[PDB]
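Read the structure below first, then the notes.
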Protein chains: 2
Amino acid sequence: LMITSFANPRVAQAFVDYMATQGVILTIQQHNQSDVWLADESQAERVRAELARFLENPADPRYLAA
Amino acid sequence: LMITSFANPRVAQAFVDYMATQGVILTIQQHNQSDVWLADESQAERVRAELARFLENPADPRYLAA
């Protein structure tokens with residue numbers, strides 16, 4: 001059964017950790033989503049072009065060292 | 001417009017940070033959810049009792065020092 005949900009993963013984990021000390025084992029389904037929004041529609045094509053390059057290698061130095 | 005979504009918030013933020021260096025400002029709608037699951041239904045009432053106490057003060061020393 002699904003007990004509850006928390007926005008803050010550290011708060012959820014504190015509850016889970018505490019319950020484990022009482023001998024009750026809980027698990028977390030952490031569903032993570034960061035939606036990226038652009039206000040200025042005229043930049044959309046430019047952003048999508050860069051996104052294609054980024055997805056090919058998000059760890060490229062151009063992104064790490066920005 | 002919504003450009004895309006990423007599970008990893010640091011990956012999303014790297015993209016946003018890079019785009020800012022190109023003069024394009026993006027924002028993130030970060031929707032955070034940690035669902036807490038219990039496999040053993042016989043413990044449900046006990047967990048819900050503790051959850052009520054936890055919600056009243058998640059920062060109580062009993063949770064911090066577990």
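Note that these values count all heavy atoms, side chains included, but never hydrogens, waters or copies made by symmetry. Each chain gets a letter, A, B and so on, in the order the sequences are listed, and its residues count up from 1.
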### Task
Given side-chain contact (heavy atoms from CB on, under 4.5 Å), test A:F54 with A:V47 step by step and report yes or no.
CA-CA 10 Å; A:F54 177 81; A:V47 172; over 6 Å; no
### Task
Provide the full list of ring pair (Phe, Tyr, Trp, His ring centres under 6.0 Å) pairs with a residue in residues 21-42 of chain A, sequence neighbours left out, each pair given once.
none
### Audit row: A:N57, A:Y63, side-chain contact (heavy atoms from CB on, under 4.5 Å) steps and yes/no
CA-CA 9 Å; A:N57 181 18; A:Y63 309 115; 5.9 Å; no
### Task
Taking side-chain contact (heavy atoms from CB on, under 4.5 Å) as the test, write out the residues that go with A:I25, two or more places apart.
A:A20
### Message
Please list all pairs meeting salt bridge (charged side-chain N to carboxylate O under 4.0 Å, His left out) that have one or both residues in residues 56-66 of chain A, counting only residues at least two apart or in different chains.
### Response
A:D60-A:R62
### Query
Taking only residues two or more places apart in sequence, or in another chain, which ones meet B:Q13 in a side-chain hydrogen bond (donor to acceptor under 3.5 Å, both in side chains)?
B:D17
### Summary
Residues A:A7 and B:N32: closest non-hydrogen pair is O-CB, 3.1 Å
### Task
Over all heavy atoms of both residues, which pair between B:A12 and A:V36 is shortest? Give the atoms and the distance, please.
CB-CG2, 4.3 Å
### Summary
To the nearest 0.5 Å, atom CZ of A:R48 lies from atom CG of A:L38 at 8.5 Å
## Note on the structure
With sequence neighbours left out, the residues meeting side-chain hydrogen bond (donor to acceptor under 3.5 Å, both in side chains) with B:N8 are none
### Task
Report the C-alpha distance between B:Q22 and A:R46 in whole Å, list the side-chain angles of each, state the deciding distance to 0.1 Å, and finish with yes or no for side-chain contact (heavy atoms from CB on, under 4.5 Å).
CA-CA 10 Å; B:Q22 308 298 296; A:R46 177 183 196 188; 3.4 Å; yes
### Task
Could you walk me through whether A:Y18 and A:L26 pass side-chain contact (heavy atoms from CB on, under 4.5 Å), step by step?
CA-CA 10 Å; A:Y18 176 82; A:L26 301 174; over 6 Å; no
### Query
Got a second to check how far B:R53's CZ is from A:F15's CZ, nearest 0.5 Å?
10.0 Å
### Query
For A:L64, what residues pass the side-chain contact (heavy atoms from CB on, under 4.5 Å) criterion, not counting sequence neighbours?
none
